[PDB]
Structure formats: structure tokens, C-alpha cells
């Protein structure tokens, strides 16, 4: 992804300082992830995982863009959200159509069932406008999918 001047400075902090930085400026606001990187939902999620010391090199951060994060997140290899329990703070949350497991959105868990994201409409339309998944994904199917916008989706917690 492309970084801003501020996103570059923040990315080159030590692993320790990056965690402290995310906690103080981003996971609960008041900063907007768009002030750090110029990407879309997947890049916002990857940037936050990188700050929390995920297995992402600076070179991967500054060369992988948008959907190319999908083989790094490996969402379908993670834990399915059961629709009721808390999401682990700072983790990447992936949303896919059941049919073909086609991922269309990524968010960041910020506590309980709340998420921050960009470019996701009802699943997060701005980093500073958190969404409670329990308010949006209320109807759960026998397969563990949820009814969303006329179709069925899975919710996965990336291990990244």
C-alpha cells in the first residue's frame, strides 16, 4: 500500500512503540487510518495488524495493495465469529459471500462486537464511525453464515 509521511514515520517505529502508538492514536481513535495509508479496507486492516506486530514485513506493507492482502490474511483459515461472543481486539475481520468464499470486506475489531473499517458501507464507512456487528448481522443461518444485503456471508477472524 502507499503510506503518508505520517504513516511512514509510524511504520518505522520499533515493534514496542508501534503497539503503544496504535493504542494511543488509532484502535479507539481519535486519528483516522486514512491519515496513515492511502489504501482501502484490506490495507487499513493490514496496517493495523502491522502496528500490532503481525508477521508483515515493511516491504510487504509497502508493496501489497487491496485484494492482494487476501492470501496474507487467509481469512477462511481463521476462526468463524459465532454472532454473539466478543471479537479479539486489534484482529482483522474478513467478510465473504458463502458461495465461493468470495471476500469483499475487511475490518479491525476494537472491542466487544464493535469494528472500525473503511469502504465497507453498513460494515464500516469510515475509521471514526465504528459499527456493532450485533446490530447489523442479526440473522444467523444453520451453516453459521449471516443474512447481509440480500445474501449470506461468513465472518472470519484472521490469524494474521
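Derivation of every value follows stated rules applied to the coordinates shown; laboratory data play no part. Backbone-built Cβ (ideal geometry, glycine too); neighbour counts: all protein chains shown.
A compact table of results
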{"item": "Value at 222 nm in deg cm²/dmol, rounded to 500, when DSSP H runs of n ≥ 4 in the chain each add -39,500 (n - 2.57)", "result": "-6500 deg cm²/dmol"}
{"item": "Percentage relative contact order, the stretch 5-70, counting C-alpha pairs under 8 Å, at least six apart", "result": "35 percent"}
{"item": "The stretch 1-113: relative contact order in percent, alpha carbon pairs under 8 Å with at least 6 residues between", "result": "26 percent"}
{"item": "Gap separating the Cα centres of the stretch 101-160 and the stretch 1-57, nearest whole Å", "result": "21 Å"}
{"item": "Computed over the stretch 71-157, the ratio Rg/Rh where both radii use C-alpha atoms and Rh is Kirkwood", "result": "0.91"}
{"item": "Highest-fluctuation residue, 92, 117, 35 considered, GNM on the chain with Cα pairs under 10 Å", "result": "35"}
{"item": "Highest-first arrangement of 144-153, 76-85, where packing means the average Cβ count within 10 Å", "result": "144-153, 76-85"}
{"item": "Global geometry of the stretch 46-102, whether rounded, prolate or oblate, following the gyration tensor of its Cα atoms and the 1.5 cut on a/c", "result": "oblate"}
{"item": "In nm, spacing of pseudo-spin labels at residue 102 and residue 9 (7 Å Cα→C-beta vector)", "result": "4.2 nm"}
{"item": "Debye log10 I(q)/I(0) at q = 0.11, 0.24, 0.28 Å⁻¹ for the stretch 5-70, Cα point scatterers", "result": "-0.21, -1.08, -1.47"}
{"item": "Over the chain - Rg/Rh using Cα atoms and the Kirkwood inverse-distance radius", "result": "0.95"}
